[PDB]
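First, one chain by itself: the form deposited in one PDB entry, in structure tokens.
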């Protein structure tokens, strides 16, 4: 069939050969009338192949049509700018903003069919579902596919109601927790083909009798390209675990929690995690009032006490830092710390407004990049955004799900890095953090050691 030998003429820029192979894969799927998962690793231009394939469907098979692209909120500007850079000839816009503006946009453009590509976030989709359900979509494109890993999630349900000629999924981390997630994704891709949960489960029941069958069943539905066997031009990542103890305040509060010491303690896990991260997250442990930010912050927190030394050092080495955390409040603590330390942060979080997010990213990726450290959270700003300017990623606290950390560390070690990436994960000795690290390791091995080793 149409094998699409060389780089597209209509697509600007030159794409590397494996990108052409992926585009060919997509075209094959489109003609065969099957939909698959572009599960390529983090960092490679998955957006670029997607745009190329849309350019195919517009300029070869001549179907501009309605195109729906769903993505995390932070990456909507990224998609818009990229589609305006590679094929600046398609009608594309972001369906975001106030509900008044959203309804206005619907009435003008969405109901006027004056569009080709629509970019929307999950919340808008689940919100603006009635008008979108009135369009016979050709392709529905979901970035960050592991978001629908639960089939009862109302995003999953709503997506299972749109009129779609065909579907297509992107995710850098396809397998998250167990097998059932894959069935969840595929039931969205090919509902008729699978339509079976227990049959899928018992066809394998979690040697060679299964894992080989595992590969065989999904060989045509998935495509992965590891960065080691495909790019290689990239210096590899350097990870590190900085084992630390606890300070006096930390130790005291840790026991106080342990022997149950009028405040509500129901999930002991999160209380211990707060303790290990920073005891000031507990109310009142900070001396005062008056509340002053001079220096009592750093020394009574083993995490931050080590952090100050390491950050200052790297400042003399003159590199750039990314800080990921699980908690917005700890992020506030860190921000106050830099305010004391006279650094130039560029904090992003789940409460940050859209254009503020755009402005922050553009600030940190500026030429000469006035900013030093950039404050993040693993969920909100830990997907898709392209902070290649920095070179040192610091995971303040580990996550219960390793792939959420893989995405975070790969937000800097992606194409066009041209540096050495050093990832400094902080752990606390003799604490639950060790346990969460262990469980994350088992969940991650259940993944890498089995499914995607050949890929």
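Positions refer to the first chain, counted from 1.
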Checking the other PDB entries with both flanking residues built, is residue 263 absent in a third or more?
-> yes
Per the record, how many residues of the deposited chain fall between residue 206 and residue 207 without being modelled: none, 1 to 3, 4 to 9, or 10 or more?
-> 4 to 9
Using what the record says, work out whether there is a hole in the model between residue 201 and residue 202 and how many deposited residues it spans (none, 1 to 3, 4 to 9, 10 or more).
-> none
